[PDB]
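Need coordinates for the below:
(chains A, B and C, ligands or ions: 5)
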Amino acid sequence: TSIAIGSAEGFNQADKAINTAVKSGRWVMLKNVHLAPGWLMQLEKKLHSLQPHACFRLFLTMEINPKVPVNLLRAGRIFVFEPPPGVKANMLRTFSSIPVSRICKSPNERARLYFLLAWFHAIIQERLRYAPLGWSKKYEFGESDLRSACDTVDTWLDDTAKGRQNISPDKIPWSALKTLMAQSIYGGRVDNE
Amino acid sequence: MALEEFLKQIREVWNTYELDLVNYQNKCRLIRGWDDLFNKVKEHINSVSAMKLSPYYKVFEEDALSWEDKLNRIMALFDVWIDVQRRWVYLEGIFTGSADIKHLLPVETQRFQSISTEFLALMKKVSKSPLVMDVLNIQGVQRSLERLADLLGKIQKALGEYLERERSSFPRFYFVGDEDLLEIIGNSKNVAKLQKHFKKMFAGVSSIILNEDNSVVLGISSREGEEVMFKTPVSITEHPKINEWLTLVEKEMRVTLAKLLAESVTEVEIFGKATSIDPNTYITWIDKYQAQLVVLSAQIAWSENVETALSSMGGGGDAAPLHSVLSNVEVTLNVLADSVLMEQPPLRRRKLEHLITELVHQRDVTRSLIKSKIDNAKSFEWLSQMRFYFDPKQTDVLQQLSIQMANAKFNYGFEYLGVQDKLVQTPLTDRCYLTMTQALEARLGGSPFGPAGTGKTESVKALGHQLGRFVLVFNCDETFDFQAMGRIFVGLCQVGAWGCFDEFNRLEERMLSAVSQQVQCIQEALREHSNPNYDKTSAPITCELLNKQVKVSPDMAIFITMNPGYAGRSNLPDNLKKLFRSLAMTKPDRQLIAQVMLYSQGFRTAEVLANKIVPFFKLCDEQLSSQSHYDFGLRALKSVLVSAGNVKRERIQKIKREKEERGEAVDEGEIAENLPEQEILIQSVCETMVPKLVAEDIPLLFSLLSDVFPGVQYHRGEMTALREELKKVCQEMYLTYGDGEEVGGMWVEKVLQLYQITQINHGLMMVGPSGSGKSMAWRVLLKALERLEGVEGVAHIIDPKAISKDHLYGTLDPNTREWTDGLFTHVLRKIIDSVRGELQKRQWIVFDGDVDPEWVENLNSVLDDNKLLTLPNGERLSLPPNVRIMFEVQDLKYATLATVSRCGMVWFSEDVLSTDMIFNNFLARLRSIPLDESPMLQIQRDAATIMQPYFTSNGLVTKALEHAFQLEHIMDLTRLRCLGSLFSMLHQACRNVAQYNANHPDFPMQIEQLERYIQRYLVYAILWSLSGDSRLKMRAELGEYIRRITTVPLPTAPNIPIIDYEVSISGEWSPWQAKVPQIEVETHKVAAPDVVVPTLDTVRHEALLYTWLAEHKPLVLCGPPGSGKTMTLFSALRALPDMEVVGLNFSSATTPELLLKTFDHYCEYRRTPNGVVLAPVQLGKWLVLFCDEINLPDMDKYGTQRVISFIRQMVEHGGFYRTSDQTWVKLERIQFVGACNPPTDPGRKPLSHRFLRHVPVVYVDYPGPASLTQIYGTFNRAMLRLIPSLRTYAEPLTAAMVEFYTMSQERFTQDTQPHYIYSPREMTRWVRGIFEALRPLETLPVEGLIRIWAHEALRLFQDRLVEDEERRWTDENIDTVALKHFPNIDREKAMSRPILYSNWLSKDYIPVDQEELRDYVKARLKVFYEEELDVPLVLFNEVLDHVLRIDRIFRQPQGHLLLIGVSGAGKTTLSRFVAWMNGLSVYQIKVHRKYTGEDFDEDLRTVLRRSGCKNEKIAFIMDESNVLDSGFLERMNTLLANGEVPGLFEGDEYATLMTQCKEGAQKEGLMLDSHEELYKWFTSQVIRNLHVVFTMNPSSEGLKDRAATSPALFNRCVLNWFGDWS
Amino acid sequence: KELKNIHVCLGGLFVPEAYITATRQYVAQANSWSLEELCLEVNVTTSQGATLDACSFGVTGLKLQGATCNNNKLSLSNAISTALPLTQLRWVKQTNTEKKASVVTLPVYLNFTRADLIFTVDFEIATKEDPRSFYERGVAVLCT
Ligand SMILES: Nc1ncnc2c1ncn2[C@@H]1O[C@H](COP(=O)(O)OP(=O)(O)OP(=O)(O)O)[C@@H](O)[C@H]1O
Ligand SMILES: Nc1ncnc2c1ncn2[C@@H]1O[C@H](COP(=O)(O)OP(=O)(O)O)[C@@H](O)[C@H]1O
Ligand SMILES: Nc1ncnc2c1ncn2[C@@H]1O[C@H](COP(=O)(O)OP(=O)(O)O)[C@@H](O)[C@H]1O
Ligand SMILES: [Mg+2]
Ligand SMILES: [Mg+2]
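Numbers count the residues shown, from 1 in each chain, chains lettered A, B, ... in the order given. Ligands and ions are numbered 1, 2, ... in the order given. Please see the structure below:
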């Protein structure tokens, strides 16, 4: 059960979800909990005096906001999500996130296209570490763009290779992939000529 | 003669005019002819107004009053009858038409049945006597209607649950307000009244078409008059239910449009694939079909032609049939261009422009295909384009047309969009279409972002209109909470409509995160709708919205347009940004927009003009000075282009007309060829861009125009007919008028420029410094246009910052979800309804106040092309074409570019209104308007003649005003503040002469004496109006400058400044020192609160304040705390017996509610025919509101004070707005007086220049050592008369007091500690302290007097000290001062190391020994342990000192304590111990976790009742930890100062209080009766019985913060720094 | 007349974009050309040997990032910044002779933050350097 924190009745859903989960043993995720630091104090107190089910897991999503309660950080386990250190790490997370079945589909040329997408994503996202030179500003080139680009590759490759086991590299729609990424997927956030 | 004729016409009209009654569904006879009845009453009232003006009104005075009283009752009664009749009609239809409401709302039906039967009974009574006079005189009919309206109001609100049930039946009802929905449901039988509600339910359907019986829906219509005829008309008889036949209309609308498109496609295929096209045939096809179908048919034909051509080029060597497609497009484009060049009907002209705009795009795309050598239909250069495919073999007409872009497939919704302004298909828009369609295919949302004016809202709407979808625009803000957005999503999901949430990021960050849950689940439902496994036979797809299953239509989409870094915006959460595909719309292709727009308008040189106008706008942005009201973006370019089309159209008509008078010749080709297209574009630029330019930027723009358009000159058309109208209006308003370079010439051009902006823009801004002639500009133009065009002009002036945003726009109840209209919403909704013919008048809504994005961005959709006001409850209000939203501001520093780009600015520089223009207006008013309400007028006319030479350019006043600006003042100087004070003071000179004439009936004032008095007073008036807010030496400095430049005789004193001289009524300068006598105060009134020793500064300021107060003019006294601002004002008010003063103490948390509570307590609201009037309860006395901390209230982040803006509105406009019912309340007999420290003091904010203009400021400085010696030498001499032996020491005692105070003031300043404020108040407390000690003493040796003198110095100058070295310095210097001024005395007997005085060990206040005092305190503490508190204490030397200090304060009237020290030091225990010793009852608030403001109010009332009514002394002990809210301090701030809280006792509490004050007065022996003196006695008792002890920790920043949140804590409380134990 | 012959640092100007317009407006007025028809061409001069010719406007203080200008030809360099001695802004009529396939448009930013763009220059590549390499390496010109 996923609940976005921030509404008056959002807290009511969060309390009901946690009360039901600690007995059933399901998972509860509360997103943007940094927007209600005062309610986080009460959540920490409730969690401490609790004996939940073995399989119960509570996930809290925050923004690394200095207003997050200290006692909540001490009680929970902190996982920090950030750009990978380099190109090699960027490729590894890109390949790990994509299911193995998605890459291994009917055209054998899909794997190379995904690798090129993985490399292109790694290069432009690493250039963000050099703000004036790599780009003109800190663009939000993130996982959402990679998901859209991967969906674009899957849709267009299926359209051309209609069930063929192998496709000629010349028949791959390079113009479609290049234009869509430059205009819609990745070029949407770009505002500088 | 004619007077009798007017009376006869009124009588014969009213005894013969019968109310118009018609049958209404064979139930009753309703009243019609409302406009005829209302205007007849108004025109007769105006005749009664002219009845009074004529001199012969004397004999006819009695008859006119009887008629006017009759008319007002007729006007008031029928104003309510029209309301109750309308409410009854739609309420009756709801309860009668639907039989299911009998069970859901049984009690509500029963109440309405009784109301309806009573209403129908009144219909029978009025039907018997249709005459207006007979129905008016019905017994209690007026009261019977007020209850009827209230009863209809109560039943109206209770139907909210029924309305929400009905919205589910027809989902489009969700975008209709509750009141409008009631009208639609109730009036289902009378469809004729539904024609004004279709525009809120459909994209372009403004009304339906009905047959003669009004029982069959023949078709629909648009706003422009375009009509669509249903193939199978919908019959209402077989589907009586309103939602049933409305649904059939919507379903028939789509099918009819689909069928019409198929026929249109068949016809347009002939024009396609044709080398030659007949213009006559093409025009006929355009006229036959609808605007959206003509463009759609052209798009389909071109798409099929290119698809056929590309398929034919499969081989690659097919001789490129794409050239044939390009040839046909150009040939058809040639025909369209020719058709526009000639005169066409307005509807066909719009169709041609739409066809040109699209065919230009089709030509551009085909050229790209030709250039790129595309020979395959699967090439992405063709796939990326938007292609329309038509399938005539498709059985379902709704699925015949398929729109595709890249890999996205769409279906035309066939929503009737009417005729919309189609956009130019720029490459950026193509990029927008590609990205948004890709987002739609992935079932995501679209989030275009960028700067303002780039075209994101229009592009989203254009794409929706391209697919035939219902696009709804919502102007998002912070009140779009989870419930409001969920209800909107429910409506969009069920309807199947696009939602464009513009300014989405303006929501709160927490609310944006919450909304992300609803968008996520909606998109998940959409995503699983696109699965091919889905079957329509199964249950329709649903999403969990607002804890309810909501069906999701596939056509629904969500779009959010936002500005990333603009002020007033929030940051979207990351989980929400992943639900939208963002696109950067930053640089619009304005070059192509200009070319296509001018090409479609008929310009021959569109390419040349576009290549000249777009760079001109870029150069203007890069060259002109950076001003806050400058916008050279696409909106400015769009406004120029549309004006160019309008200028050309009217120029062509004028040329065509001109040929008619000359003769007979009409040739479109010759007119088009001989047309100055260069001049037309420059005219539009000058009519739109010149008004906003500052003085130094105008030559830069004209130089740019000359360079870009060389050899082309513009001469503005002389609006002659308007200029006489302005000249006549200006003369009646005493306003100077000028032509060109004449005096007032610049102002008139601004008025004409503002007139042109009104004609072009529906949203205006008047940006310019305070007092630059802005209000007079639009006031004169509104009146001039009323005379010129004959259309009545009504202006609704609103101050947006004087009220909260909830009261300005409306609020949505979190619990009941009921929408309450705000100020602006009520005004706009009233005009839209036009119940009383508001739509037939020129309505202007003027926002007279500051502009910041918090409130002004809610008008983003109103000022945009939408012309729509969107509310959080889903209701939208279209701005009527006759309504102009106008802003009158002084700057645009805090306004974002989103609003600056939306309005046409008119810049009013301060040089527009020259000084002599104000001088002429003053003298014109003086010569015409009598001051009393003629001998008084004759004095004014004679005085004006004397002041004429001085009130000229380069005259005495103008030269003096110029010099006064060089000198610095306590407040920022403005021209109109000096002139406004000067004019009000010269009026008093005229009143002084009139008083002299009444005092000397036999010998009136002569001309020669009048010249002497007025000339001398004018010099006196200039000095005190220009340097009144400046220090003493610059009051002098302006004196010599006047002496150097004036010819008026001046005092011949070698060194005495002119500011020390007054003007006697005899016409001679006389010193102010002659009115300062060496008075002898009585002994019992020594240092009394109301005793004022007259000094030079006091008499000068008292006369100045009396002059301003006698004119009922607002004023502010500025000066250091304790300088004597309050004392001087109250002393001046004692000379005015008809003025009562009410004290208000402002703080950093002061809001207009504090003023409103005072108005409720001291004034009353009364209904008058002219409107609501707020006047004091007591008759004939003027109420004066004394605001003591006027500049303390906090400025928000946008630099405005809400209370100051409230006062500025309520001073300039003479009234405010009552937010209870959104009615204008006009003040009567209410005056405002302010006091404040200089703005350079910490915590003080400078007052707004638009407020200081109306308010003169006088600077009250600290008395000098000479003044202090005179003031307190008088007190010491009178006080020392108690002991005749000590009378010789009065002079040295005063010198010692002044000397020590001077050094203590210099040594300890606010820089060291915030509370180190030393004022003459300490000297007054010094005199009082010595007086009370000596009073009892029968005799005292000089040593005893010095010991008392030193003790008072220690208790006043050392108690507040913090550091030990400061206390050591005070101890040492007191010894030196006493020895310096009192030699040869026993220093040891006087300046002993411990100085303690107490009345505990004797009847008198004599010095006490430390050892003997300790034994007494030890003995009393032992008793204190068993009785009250058994906490052991330890007595050291500091405790004995501290208990004596607390005892001294507890014995004083209004004696409050401020104990500062570390916790655990005994501050509370010592306070309780001393209070028990002095008999006080200790009260502490038992604060807990759930303690709130209401609990504190109850505790405050409990203490006040005990200490005010029961005469019980109470030591209210309060700690800083008990302050859980700023509300606690605000109540304490007022209670400490005034001894009362105005809004504390209300309703039953006030009634219970008044009984208790009455009984308590009986015990005291006074039988007070009225509530006024009961409260005055109650306030006096609380003052003398309530002591408040405030304890807080010695914080650094907290003490400074408390110095502003609660100023009374440092001015009314005696501060003692306990600190830590040394 | 001297106001045309003074070398001005665009970094030291309060608004440098207004200076570019002023030079554009001066050339159009003197030669009786239209403002929109003018185009800007760049000529980096070694020291100040070259002289203004009624259309040139010397500009100093321009810094070239990641490239070196020799004989008005660019070559990629490993230095962080390269100072241009004297940049001559010549306003000429547009000839629409298309690109030379060795001309790259360098942005001219006001400062190192690369937040605001003043104008764009069309320099020429020397030798066999790839124009795409200039784009990838973020080569630009800074006013200060
Ligand atoms: N054309 C005119 N001729 C003569 N006097 C004028 C004229 N226009 C304005 N005034 C006077 O000059 C003063 C300017 O007041 P006005 O209301 O026009 O200023 P404003 O720009 O609206 O000021 P604010 O910003 O304070 O609202 C007033 O005293 C007004 O009577
Ligand atoms: N001419 C005077 N005669 C008598 N008392 C004076 C005179 N001038 C100043 N004072 C003393 O100065 C004090 C002024 O305090 P007040 O006017 O209340 O300060 P504020 O104007 O800042 O509220 C009074 O208590 C008064 O005793
Ligand atoms: N002079 C004193 N001798 C002994 N104990 C004291 C003395 N003054 C305060 N206390 C102690 O402080 C406690 C009360 O503190 P309190 O006066 O409430 O602190 P505060 O002055 O900060 O409100 C008592 O329990 C008492 O024991
Ligand atoms: Mg917008
Ligand atoms: Mg005004």
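
use CA for all of it now, contacts and neighbours both
Fine.

Please list the residues of the stretch 751-900 of chain B that sit near ligand 1.
B:770, B:771, B:772, B:773, B:774, B:775, B:776, B:890 (Cα under 6 Å from any ligand atom).

Residues contacting the longest helix anywhere in chain C, please?
Assignment by DSSP state H gives helix C:17-31 as the longest helix of chain C. For helix C:17-31, contacts defined as Cα atoms under 8 Å, 6 or more residues apart in numbering or on different chains pick out B:619, B:622-623, B:707, C:33-35, C:38, C:54-55, C:57, C:91, C:118-119.

With stretch B:918-927 instead?
B:734, B:735, B:736, B:937, B:940, B:941, B:944, B:948, B:951, B:952, B:983.

how about a cut-off of 6 Å?
With Cα atoms under 6 Å, 6 or more residues apart in numbering or on different chains as the test, stretch B:918-927 has contacts from B:734, B:735, B:940, B:941.

same question, stretch B:265-275
Residues contacting stretch B:265-275 (Cα under 6 Å, 6+ apart): residue B:297.

Nearest residue to residue B:534 in space, please, no chain neighbours.
residue B:528 (7.8 Å; Cα to Cα, 6 or more residues apart in numbering or on different chains).

residues near the one you found, how many?
13 (other Cα atoms under 10 Å in any protein chain shown).

After the helix or strand containing it, which helix or strand is next?
Under the criterion of DSSP states H and E, residue B:528 resides in helix B:509-529. Downstream of helix B:509-529, the first helix or strand assigned by DSSP H and E is strand B:542-545.

if we look at that following strand, which residues are touching it?
B:522, B:525, B:549, B:550, B:551, B:552.

So the residue of chain C found nearest ligand 3 versus residue B:747, what's the distance?
Ligand 3 sits closest to residue C:113 of chain C, with a gap of 54.4 Å, by Cα to the nearest ligand atom. To residue B:747, residue C:113 is 45 Å away according to Cα to Cα, to the nearest Å.

So between the two, which is more surrounded?
residue B:747 (27 against 13).

Doesn't that one belong to a helix?
Yes - if the criterion is DSSP: H, G, I helix; E, B strand; the rest coil, then residue B:747 is within a helix.

Would you agree it is in contact with residue B:912?
Yes - using Cα atoms under 6 Å, residue B:747 is in contact with residue B:912, at 5.2 Å.

Spell out which parts of chain B neighbour chain A.
Neighbours of chain A within chain B, by Cα under 6 Å from any Cα of the partner chain: B:380, B:435, B:510, B:511, B:513, B:514, B:578, B:582, B:583, B:584.

Kindly reformat these as CSV containing distance to residue B:1268 and neighbour count.
Output for the residues of chain B next to chain A, formatted as CSV (distance: Cα to Cα, whole Å; neighbours: other Cα atoms under 10 Å in any protein chain shown):
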residue, distance to residue B:1268, neighbour count
B:380, 93, 19
B:435, 80, 26
B:510, 60, 23
B:511, 62, 23
B:513, 65, 26
B:514, 66, 26
B:578, 74, 17
B:582, 73, 27
B:583, 73, 26
B:584, 71, 23
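
check these against chain C, which are close?
Of those, not one also sits near chain C (Cα under 6 Å from any Cα).

Please identify which pair of those residues lies farthest apart.
Between any two of the residues of chain B next to chain A, the greatest separation by Cα to Cα is 42.4 Å, found for B:380 and B:510.

that older thread, so which of the contacts of strand B:542-545 also contact ligand 1?
Counting by Cα under 6 Å from any ligand atom, no member of the contacts of strand B:542-545 is near ligand 1.

Could I have the CA atoms of the longest helix of chain C written out in PDB?
Taking C-alpha atoms only, helix C:17-31 is exported to PDB below (Å, rounded to 0.1, in the frame of the first residue of the first chain):
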ATOM      1  CA  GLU C  17      23.800  43.500 -24.800                       C
ATOM      2  CA  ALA C  18      22.700  47.100 -25.200                       C
ATOM      3  CA  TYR C  19      26.200  47.900 -26.500                       C
ATOM      4  CA  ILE C  20      25.900  45.300 -29.200                       C
ATOM      5  CA  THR C  21      22.600  46.900 -30.300                       C
ATOM      6  CA  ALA C  22      24.200  50.400 -30.100                       C
ATOM      7  CA  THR C  23      27.000  49.300 -32.500                       C
ATOM      8  CA  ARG C  24      24.400  47.700 -34.700                       C
ATOM      9  CA  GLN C  25      22.300  50.800 -34.700                       C
ATOM     10  CA  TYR C  26      25.300  53.100 -35.400                       C
ATOM     11  CA  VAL C  27      26.400  51.100 -38.500                       C
ATOM     12  CA  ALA C  28      22.800  51.000 -39.900                       C
ATOM     13  CA  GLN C  29      22.400  54.800 -39.400                       C
ATOM     14  CA  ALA C  30      25.700  55.700 -40.900                       C
ATOM     15  CA  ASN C  31      25.400  53.500 -44.000                       C
END
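
and it, which residues are buried?
Across helix C:17-31, burial judged by 16 or more other Cα atoms under 10 Å in any protein chain shown covers C:17, C:18, C:19, C:20, C:21, C:23, C:24, C:25, C:26, C:27, C:28.

ok, the residue of chain C found nearest chain A - contacts?
Closest residue of chain C to chain A, Cα to the nearest Cα: residue C:138 (5.1 Å). The contact partners of residue C:138, by Cα under 6 Å, 6+ apart, come to residue A:133.

For ligand 1, see how far away it is.
Per Cα to the nearest ligand atom, to the nearest Å, residue C:138 is found 50 Å from ligand 1.

separation between residue C:106 and ligand 1?
Noted for residue C:106: a distance of 48 Å to ligand 1, by Cα to the nearest ligand atom.

count of neighbours near that residue?
Applying other Cα under 10 Å, I find that residue C:106 has 18 neighbouring residues.

tell me which element it falls in.
strand C:103-109.

Alpha carbons of that strand, in PDB - could you do that?
Coordinates of the C-alpha atoms in strand C:103-109 are reproduced here as PDB (Å, rounded to 0.1, in the frame of the first residue of the first chain):
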ATOM      1  CA  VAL C 103      32.300  27.400 -39.000                       C
ATOM      2  CA  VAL C 104      31.000  26.800 -35.400                       C
ATOM      3  CA  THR C 105      28.700  29.100 -33.500                       C
ATOM      4  CA  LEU C 106      30.300  29.700 -30.100                       C
ATOM      5  CA  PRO C 107      28.000  31.100 -27.300                       C
ATOM      6  CA  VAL C 108      29.300  34.300 -25.600                       C
ATOM      7  CA  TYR C 109      28.300  34.100 -22.000                       C
END
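
now it, how far from the centre of its chain.
8 Å (Cα atoms, centre = their mean, to the nearest Å).

Please list the residues outside that strand that contact it.
Outside strand C:103-109, the residues touching it (Cα under 6 Å, 6+ apart) are C:116, C:117, C:118, C:119, C:120, C:121, C:122, C:123, C:124, C:140, C:141, C:142.

Spell out which residues of chain B are next to chain C.
Proximity of chain B to chain C (Cα under 6 Å from any Cα) is limited to residues B:622, B:623, B:708.

who's in contact with the closest residue to ligand 1 within chain A?
Using Cα to the nearest ligand atom, the closest approach of chain A to ligand 1 is made by residue A:191 at 39.9 Å. By Cα under 6 Å, 6+ apart, the residues touching residue A:191 are residue B:584.

does it belong to a helix or a strand, and which?
With DSSP H and E as the criterion, residue A:191 is inside neither a helix nor a strand.

still on that earlier bit, tabulate the residues of chain B next to chain C in a markdown table, adding columns for distance to residue B:804.
Formatted as a markdown table, these follow (distance: Cα to Cα, whole Å):
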| residue | distance to residue B:804 |
| --- | --- |
| B:622 | 38 |
| B:623 | 39 |
| B:708 | 48 |
